[PDB]
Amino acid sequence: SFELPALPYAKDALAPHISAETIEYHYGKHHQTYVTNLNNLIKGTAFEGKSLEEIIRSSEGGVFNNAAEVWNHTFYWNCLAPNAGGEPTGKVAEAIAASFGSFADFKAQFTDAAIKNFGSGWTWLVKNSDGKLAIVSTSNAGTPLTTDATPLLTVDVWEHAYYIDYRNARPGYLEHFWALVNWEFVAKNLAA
(Lines of atoms letter the chains of each structure in order from A and count residues from 1; the text may use other names and numbers.)
(Lines give C-alpha, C1' and ligand atoms only; values in the text may rest on other atoms or scores of the structure.)
Protein backbone atom coordinates (compact mmCIF):
# COMPACT_ATOMS: atom_id res chain seq x y z
CA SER A 1 0.00 0.00 0.00
CA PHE A 2 2.72 2.46 -0.97
CA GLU A 3 1.75 5.98 -1.93
CA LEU A 4 3.39 8.43 -4.31
CA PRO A 5 5.03 10.94 -1.95
CA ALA A 6 4.02 14.53 -2.66
CA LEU A 7 6.48 16.56 -4.74
CA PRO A 8 8.59 18.83 -2.46
CA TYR A 9 7.70 21.89 -4.56
CA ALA A 10 5.38 23.20 -7.27
CA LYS A 11 5.56 21.32 -10.58
CA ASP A 12 7.01 24.40 -12.26
CA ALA A 13 9.48 25.22 -9.47
CA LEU A 14 12.54 23.84 -11.26
CA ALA A 15 11.93 25.79 -14.46
CA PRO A 16 13.66 26.50 -16.72
CA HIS A 17 16.25 23.86 -15.73
CA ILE A 18 13.62 21.09 -15.70
CA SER A 19 10.28 22.03 -17.25
CA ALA A 20 6.85 21.72 -15.72
CA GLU A 21 5.98 19.39 -18.60
CA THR A 22 8.88 17.09 -17.72
CA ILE A 23 7.69 16.95 -14.11
CA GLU A 24 4.15 16.21 -15.28
CA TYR A 25 5.35 13.13 -17.16
CA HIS A 26 8.29 12.10 -14.99
CA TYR A 27 6.43 12.41 -11.68
CA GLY A 28 2.80 12.16 -12.75
CA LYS A 29 3.28 9.23 -15.12
CA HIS A 30 6.61 7.43 -14.69
CA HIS A 31 6.96 7.66 -10.91
CA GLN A 32 3.23 7.10 -10.38
CA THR A 33 3.32 3.99 -12.58
CA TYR A 34 6.22 2.51 -10.60
CA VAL A 35 4.17 2.95 -7.42
CA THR A 36 1.07 1.33 -8.93
CA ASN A 37 3.09 -1.53 -10.44
CA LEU A 38 4.91 -2.20 -7.17
CA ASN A 39 1.67 -2.32 -5.19
CA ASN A 40 0.13 -4.78 -7.64
CA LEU A 41 3.23 -7.00 -7.76
CA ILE A 42 3.55 -7.38 -4.00
CA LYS A 43 -0.12 -8.08 -3.26
CA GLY A 44 -0.38 -11.37 -1.36
CA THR A 45 3.40 -11.80 -1.25
CA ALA A 46 5.90 -11.87 1.62
CA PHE A 47 6.82 -8.30 0.64
CA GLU A 48 3.47 -6.88 1.82
CA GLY A 49 4.39 -5.61 5.29
CA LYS A 50 7.96 -4.65 4.42
CA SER A 51 9.45 -1.17 4.11
CA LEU A 52 10.49 0.06 0.68
CA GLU A 53 14.18 -0.27 1.57
CA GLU A 54 13.59 -3.80 2.87
CA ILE A 55 11.98 -4.86 -0.42
CA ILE A 56 14.80 -3.33 -2.47
CA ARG A 57 17.36 -5.33 -0.48
CA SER A 58 15.50 -8.66 -0.75
CA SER A 59 14.00 -8.70 -4.24
CA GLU A 60 14.81 -9.18 -7.92
CA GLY A 61 13.04 -9.00 -11.26
CA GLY A 62 9.91 -6.87 -11.52
CA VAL A 63 9.42 -6.32 -7.81
CA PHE A 64 12.96 -4.99 -7.52
CA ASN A 65 12.78 -2.77 -10.59
CA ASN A 66 9.60 -1.09 -9.41
CA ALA A 67 10.53 -0.79 -5.73
CA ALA A 68 13.99 0.60 -6.47
CA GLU A 69 12.61 3.05 -9.04
CA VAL A 70 10.00 4.26 -6.54
CA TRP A 71 12.75 5.01 -4.01
CA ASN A 72 15.20 6.41 -6.57
CA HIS A 73 12.68 8.94 -7.85
CA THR A 74 11.59 10.08 -4.39
CA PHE A 75 15.26 10.56 -3.51
CA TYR A 76 15.77 12.36 -6.82
CA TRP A 77 12.97 14.89 -6.25
CA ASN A 78 14.50 15.72 -2.87
CA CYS A 79 17.91 16.27 -4.50
CA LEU A 80 16.43 19.21 -6.42
CA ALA A 81 14.94 22.51 -5.31
CA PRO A 82 14.23 26.05 -6.48
CA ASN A 83 16.50 28.85 -5.23
CA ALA A 84 19.28 26.34 -4.62
CA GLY A 85 22.25 25.00 -6.56
CA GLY A 86 25.58 26.77 -6.28
CA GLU A 87 28.38 25.50 -4.06
CA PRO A 88 27.84 23.56 -0.83
CA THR A 89 29.25 24.73 2.50
CA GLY A 90 30.22 23.19 5.81
CA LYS A 91 30.61 19.44 6.27
CA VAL A 92 29.50 18.58 2.73
CA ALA A 93 31.96 21.03 1.18
CA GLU A 94 34.76 19.74 3.42
CA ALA A 95 34.03 16.07 2.68
CA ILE A 96 33.82 16.74 -1.04
CA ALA A 97 37.13 18.65 -0.96
CA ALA A 98 38.82 15.83 0.95
CA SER A 99 37.47 13.06 -1.28
CA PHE A 100 37.81 14.64 -4.72
CA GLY A 101 40.38 17.38 -4.27
CA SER A 102 37.94 20.26 -4.67
CA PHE A 103 34.31 20.99 -5.47
CA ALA A 104 35.25 21.72 -9.09
CA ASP A 105 36.98 18.32 -9.30
CA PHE A 106 33.92 16.60 -7.87
CA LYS A 107 31.61 18.43 -10.28
CA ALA A 108 33.70 17.40 -13.29
CA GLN A 109 33.94 13.79 -12.10
CA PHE A 110 30.20 13.56 -11.36
CA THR A 111 29.36 15.15 -14.71
CA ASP A 112 31.63 12.79 -16.66
CA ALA A 113 30.31 9.71 -14.87
CA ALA A 114 26.70 10.76 -15.51
CA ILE A 115 27.26 11.58 -19.18
CA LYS A 116 29.05 8.29 -19.77
CA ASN A 117 26.61 6.05 -17.87
CA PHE A 118 25.53 4.09 -20.95
CA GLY A 119 21.82 3.61 -21.50
CA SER A 120 19.29 4.17 -18.71
CA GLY A 121 20.47 4.62 -15.16
CA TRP A 122 21.49 6.78 -12.23
CA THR A 123 24.73 8.42 -11.15
CA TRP A 124 25.40 8.90 -7.45
CA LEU A 125 27.53 10.66 -4.89
CA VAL A 126 27.80 8.19 -2.00
CA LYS A 127 29.71 7.78 1.24
CA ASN A 128 31.44 4.40 1.14
CA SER A 129 31.66 2.21 4.23
CA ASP A 130 35.27 3.33 4.65
CA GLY A 131 33.94 6.81 5.41
CA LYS A 132 35.18 8.31 2.15
CA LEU A 133 32.98 9.81 -0.56
CA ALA A 134 32.84 8.36 -4.05
CA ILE A 135 30.94 8.59 -7.32
CA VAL A 136 29.26 5.46 -8.66
CA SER A 137 26.83 4.79 -11.47
CA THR A 138 24.06 2.22 -11.71
CA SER A 139 22.12 0.74 -14.61
CA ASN A 140 18.33 0.88 -14.98
CA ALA A 141 16.77 0.49 -11.51
CA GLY A 142 20.11 -0.20 -9.80
CA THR A 143 20.76 1.64 -6.54
CA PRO A 144 23.54 1.91 -3.92
CA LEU A 145 20.98 0.65 -1.40
CA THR A 146 21.97 -2.90 -2.40
CA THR A 147 25.52 -2.12 -1.24
CA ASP A 148 27.00 -0.79 1.99
CA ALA A 149 27.46 2.75 0.62
CA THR A 150 25.13 5.58 1.64
CA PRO A 151 23.40 7.58 -1.15
CA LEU A 152 23.96 11.35 -0.80
CA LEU A 153 22.99 12.78 -4.18
CA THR A 154 21.76 11.40 -7.49
CA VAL A 155 20.88 12.36 -11.04
CA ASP A 156 18.45 10.35 -13.16
CA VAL A 157 20.00 9.76 -16.58
CA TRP A 158 17.13 7.73 -18.01
CA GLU A 159 16.27 9.66 -21.15
CA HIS A 160 12.75 10.49 -19.95
CA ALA A 161 14.39 12.65 -17.28
CA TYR A 162 15.69 15.12 -19.83
CA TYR A 163 14.55 14.40 -23.39
CA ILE A 164 11.75 16.97 -23.44
CA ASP A 165 14.10 19.72 -22.28
CA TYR A 166 17.47 18.76 -23.78
CA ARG A 167 16.86 16.04 -26.38
CA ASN A 168 20.19 14.27 -27.07
CA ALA A 169 22.18 16.79 -25.03
CA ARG A 170 22.52 14.91 -21.75
CA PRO A 171 25.48 17.19 -20.93
CA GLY A 172 23.19 20.21 -21.17
CA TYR A 173 20.89 18.51 -18.70
CA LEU A 174 23.79 17.97 -16.28
CA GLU A 175 24.80 21.63 -16.60
CA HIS A 176 21.34 22.66 -15.47
CA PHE A 177 21.14 19.92 -12.85
CA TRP A 178 23.83 21.81 -10.90
CA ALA A 179 21.59 24.89 -10.72
CA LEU A 180 19.00 22.79 -8.91
CA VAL A 181 21.01 20.78 -6.38
CA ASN A 182 19.42 20.86 -2.93
CA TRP A 183 22.52 20.80 -0.72
CA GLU A 184 20.34 20.85 2.39
CA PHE A 185 19.14 17.35 1.46
CA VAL A 186 22.67 16.21 0.63
CA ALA A 187 23.84 17.59 3.99
CA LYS A 188 21.07 15.71 5.81
CA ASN A 189 22.09 12.51 4.02
CA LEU A 190 25.76 12.95 4.95
CA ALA A 191 24.95 13.85 8.58
CA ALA A 192 22.89 10.69 9.10
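Numbers for residues come from their place in the sequence shown, where the first is 1.
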- Message: If you take the mean CA temperature factor per stretch, which one wins between 92 to 100 and 117 to 125?
- Response: 92 to 100
- Of 58 to 66 and 162 to 170, the stretch with the higher mean C-alpha B-factor in the deposited entry is 58 to 66
- Message: When the deposited Cα B-factors of this chain's modelled residues are ordered and cut into thirds, is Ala84 in the lowest, the middle or the highest one?
- Response: highest
- Message: Sorting by Cα B-factor within the chain, modelled residues only, which third would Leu52 end up in: lowest, middle or highest?
- Response: highest
- Among the modelled residues of its chain, does the C-alpha B-factor of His26 lie in the lowest, middle or highest third? lowest
- Within this chain's modelled residues, let me know which third the CA B factor of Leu38 belongs to: lowest, middle or highest. middle
- Message: Which third, lowest, middle or highest, does the C-alpha temperature factor of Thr138 belong to within its own chain?
- Response: lowest
